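Trainee: Structure incoming, see below.
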Amino acid sequence: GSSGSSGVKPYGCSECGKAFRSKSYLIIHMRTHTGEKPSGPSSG
Ligand SMILES: [Zn+2]
């Protein structure tokens with residue numbers, strides 16, 4: 001038995017699959033998806 005945290009947030013982008021404690025953070029990020037070059041560091 002060891003530390004077992006769930007860690008959840010009201011926001012979780014689907015395109016890449018990230019999260020942002022705050023909404024603003026998400027939007028600012030979406031920019032990448034919306035605009036060209038949506039998939040960057042998201043390799044696998
Ligand atoms: Zn994303």
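Note on naming: chains are A, B, ... as they come in the structure tokens, residues start from 1 per chain, ligands start from 1 in the order shown.
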For ligand 1, list the contacting residues at 6 Å or closer, counting only C-alpha atoms and all ligand atoms, as a VMD selection string.
Mentor: chain A and resid 13 to 18 30
Trainee: When DSSP works through the backbone of this structure, what residues of chain A end up as alpha helix (DSSP H), shown as a CSV table (one decimal) with C-alpha atoms, in the first residue's frame?
Mentor:
```csv
chain,number,residue,atom,x,y,z
A,23,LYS,CA,-10.3,27.3,-17.5
A,24,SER,CA,-8.2,30.1,-19.0
A,25,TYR,CA,-5.2,27.7,-19.0
A,26,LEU,CA,-7.2,25.3,-21.2
A,27,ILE,CA,-8.2,28.0,-23.7
A,28,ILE,CA,-4.7,29.4,-24.1
A,29,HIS,CA,-3.6,25.8,-24.9
A,30,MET,CA,-6.5,25.1,-27.3
A,31,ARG,CA,-4.9,27.8,-29.5
A,32,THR,CA,-2.4,25.2,-30.6
A,33,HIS,CA,-5.1,22.7,-31.6
A,34,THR,CA,-7.3,25.3,-33.3
```
Trainee: Work out how far atom CA of residue A:19 is from atom CA of residue A:41, in Å to one decimal.
Mentor: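 Pair atom CA of residue A:41 / atom CA of residue A:19 returns 15.3 Å.
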Trainee: Find the spatial neighbours of stretch 5-9 of chain A, counting only C-alpha atoms, within a cut-off of 9 Å - ignore same-chain residues fewer than 4 positions away - and output them as a PyMOL selection string.
Mentor: chain A and resi 19-22
